[PDB]
Structures are given as structure tokens and as C-alpha cells.
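Let's start with one chain on its own, the form deposited in one PDB entry, as C-alpha cells.
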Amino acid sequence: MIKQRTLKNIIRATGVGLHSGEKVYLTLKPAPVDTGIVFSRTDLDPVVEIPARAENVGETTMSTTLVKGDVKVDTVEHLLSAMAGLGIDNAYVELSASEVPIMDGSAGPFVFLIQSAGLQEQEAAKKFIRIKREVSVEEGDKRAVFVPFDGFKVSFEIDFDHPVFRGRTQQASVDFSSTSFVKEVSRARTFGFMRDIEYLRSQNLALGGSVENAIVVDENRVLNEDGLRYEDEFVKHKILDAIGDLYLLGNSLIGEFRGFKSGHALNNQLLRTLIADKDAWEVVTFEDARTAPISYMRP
């Protein structure tokens, strides 16, 4: 069978929140079968756990925020993207503060830290959500859709009228049967506009933002001296965000996601609409990895 996976070993990292600018200690720990991804605020007494599930998304302003009452875990999407990309089902994510560290603004440092620790196959079938029928949500010119697909595929389109986007790839499709999450998507970074930073800081957004953890765009050029990792880095980052947002379903998808200018808010609304529309999906297992429509790297 395709087995559930957890971490082989505890691993530790230090960084700062993108939004809060606060220093944070991150610990990834192994978790038993059917735990899912559970975030833990270890700075609080008593400690507060928040499962990484669509129903715990409380705020979606410029990141996905998990919330239990007054307790928040902000910017979970880049770490959940890495976990979805490596096939991690079960893990405890301990944090010393209210926001996952931004690291280099991508999933690259997370995929490296996890593959460094190693993955552990567990003695239980991995459960997938197979999309059986179209489910779509719209708001204004934004759209997010699931359609049936025998595999996992993401298509995304952004539309920015900014000189730095003129004639640039604003649309991409990744089929994870053809393409490596790791080589193709994980290194795409968070991006931001100089003309926005005053408004954002006034909203307690991007307080930790800099060229060290983001592509900073200024009028006609990228400020980062060493430039882009990909010609289409911006749309690749939105695909990274979508994978992270969609992993709040709590299981890997067998289907296709298409986003048109979709962000954290509409991605979460798509998950809530799917969960409610029970005839559009089923839980499936594969008793032979070799005959299944998606494969994961050796652990």
C-alpha cells in the first residue's frame, strides 16, 4: 500500500515571522497514524494545539492563519506546502511564537530540513480525497475550482498590470506525475511591492519582510541583487501557496486545482464548499503504490 508518513527524527530551525517580525523556534516532531499536521504554541502555559484543518482557519489577509479563540498560528502555507510535497501525513509543529518562520520566503529550507531528518513510513494506508465532480467558488474576478483528474495537478493564473510583469509568464500548470515539487515549485519565493510596504506595516503585515526573505519589486525592477530563481517565480510561488492552503483539507488530493487570481481567502472557501458537497468527493486508499496514479519519493 501507499503508507502514511511522519518524520524519522525531530528537527529544529530558527527564523522570524514575515508578518510579525518576531523571532521563533520551530520544532518538527513525529506523530502517530491519523494525527494529521498539528501546530502547538509551546510559549503558552498551558500549551495550545491547533490541528491544521480548514475549520481552524480564522484569518486569510496575506497568509493563512490558524486560530483557537485568542491563540493564532500565522503563515502556515509554506510549511504545509513542503509537507504536502513530501507526503507527510502526521507531524507536531512546535512554535515559540504566533507565526511560522519565513526562512528565505520559499518552501526550499523546509523540504531540505525534512529530507535531512528523513521520512518514516507508518503501518497504515494513506487516505486521499478523490474529486468526483466539479466544485468551484467565485468572488468578483477571482475563481478557484476542483475538477476530477487521475493524479494531482495545479494550474494558476495571476494578473498584475505592473511593468515587472509585462510580457512575463503569469500562468503555469504543474502535473506532479511529470514535475518535481522540489525542483520546480519549492524554491519559489514570496514577492512584495515597494509601493505597498507603508500600507502593509500600518496593518502589522510584512514587518519582518526584506530582500532576505522576499522578491522586492520597485516600479520597473526587482531590487534583489542576485535576481529571480525562475523566469515565472511569481506564479510558481502562488502555486506553492495554493498547495499549502489546500493541504488544510487534512489529506492529499486526487484531482486538479485551477486558480484564477485566487488567494488564501478563496482557497479556504473552496475547501469549505468541497467539505459540505460530500457527493463531489470520496476517501480512497491504494493497496499497491506501483498501480496508483501518484507516487512519492523514497522516504
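Don't overthink the numbering: it's just position in the shown sequence, from 1. The term rigid core refers to the most C-alpha atoms you can superpose between the two forms while keeping them within 1.5 Å.
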| property | result |
| --- | --- |
| Of 155-163 and 133-141, the one with larger mean CA B-factor | 155-163 |
| Segment of higher mean CA temperature factor, 233-241 or 247-255 | 247-255 |
| Per the PDB entry, maximal CA B factor within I197, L80, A188, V111 | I197 |
| Largest Cα B-factor, entry values, listed residues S106, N90, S202, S98 | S202 |
| Ranked C-alpha temperature factor of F181 among modelled chain residues, by third | middle |
| Chain third (lowest, middle, highest) by recorded CA B-factor, residue given as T75 | lowest |
| Position of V283 among the chain's modelled residues by C-alpha B-factor, lowest, middle or highest third | middle |
| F146 by Cα B-factor - lowest, middle or highest third of the modelled chain | lowest |
| Ranked C-alpha temperature factor of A84 among modelled chain residues, by third | lowest |
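If you look for the form deposited in another entry, you will not find it shown, but the lines that follow are about it.
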item: Moved residue between this form and the one not shown - picked from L228, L207, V147, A125, where its Cα shifts 2 angstroms or more relative to the rigid core; value: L207
item: Shift of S178 between this form and the one not shown at or above 2 Å (CA, core fit); value: yes
item: Large Cα shift (2 Å or above) at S136 between this form and the one not shown, core-fitted; value: no
item: Threshold 2 Å Cα movement between this form and the one not shown for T169, core superposed; value: yes
item: Note on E157-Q203 C-alpha separation in the other form, which departs from the shown form by 3 angstroms or more; value: farther
item: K236 and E225, C-alpha gap in the other form relative to this structure (3 Å or more); value: closer
